[PDB]
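See below for the structure under consideration.
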Amino acid sequence: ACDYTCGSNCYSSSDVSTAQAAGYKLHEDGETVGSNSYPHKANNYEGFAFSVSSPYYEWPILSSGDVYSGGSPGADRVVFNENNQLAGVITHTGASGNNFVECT
Ligand SMILES: Nc1nc2c(ncn2[C@@H]2O[C@H](CO)[C@@H](O)[C@H]2OP(=O)(O)O)c(=O)[nH]1
Ligand SMILES: [Ca+2]
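Structural data, given as structure tokens:
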């Protein structure tokens with residue numbers, strides 16, 4: 829069983845924790861990776877019911893189990909805050925264009 833399902837993609841809690849820690853370390857040192865500048869501000873245009881406070885930052889979570897360091901992001905993103913608390917895991921899979929849906 830998947831703890832988070834993003835279209836076809838299966839994610840456990842450890843997958844989410846490894847991706848989040850990588851994302852936060854880079855946020856605090858003011859560094860970014862890749863061509864789209866990861867991590868950046870997750871603005872929340874969709875209006876999701878995140879039980880943690882604002883501002884929100886998005887970072888890629890890869891299907892292969894590897895951490896992001898440059899190149900292709902994929903469809904899936906883990907959202908954390910300024911406190912290093914998980915907001916949720918979102919995806920562009922099954923959403924129109926550059927929009928998002930929450931992972932089930
Ligand atoms: N859909 C959407 N896109 C956002 C939001 N905050 C930042 N973006 C980023 O802006 C683009 C929308 O033009 C998206 O492809 C997405 O980048 P990522 O590709 O980095 O996930 C948001 O809350 N909603
Ligand atoms: Ca895994």
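Residue numbers for the sequence shown follow the numbering used here, so the first one is 829 and each next one is one higher. In this text, a Cβ means the ideal position worked out from N, Cα and C, and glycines have one as well.
query, result
"Assign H868 to one of three DSSP states: helix, strand, or coil.", "strand"
"Do the CB positions of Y866 and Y896 come within less than 8 Å of each other?", "yes"
"I need the boundaries of the beta strand (DSSP E) containing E886, first residue and last residue.", "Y884 to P888"
"Taking all protein chains shown into account, do 16 or more other C-beta atoms lie within 10 angstroms of the C-beta of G851, making it buried, or fewer, making it exposed?", "buried"
"Going by CA-CA distance only, name the one from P883, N837 and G893 that's closest to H920.", "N837"
"So what does DSSP say about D843, is it helix, strand or coil?", "helix"
"Pick from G899, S863, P901 and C931: whose alpha carbon is nearest that of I918?", "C931"
"Have a look at the DSSP bridge pairing and note the partners of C834.", "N837"
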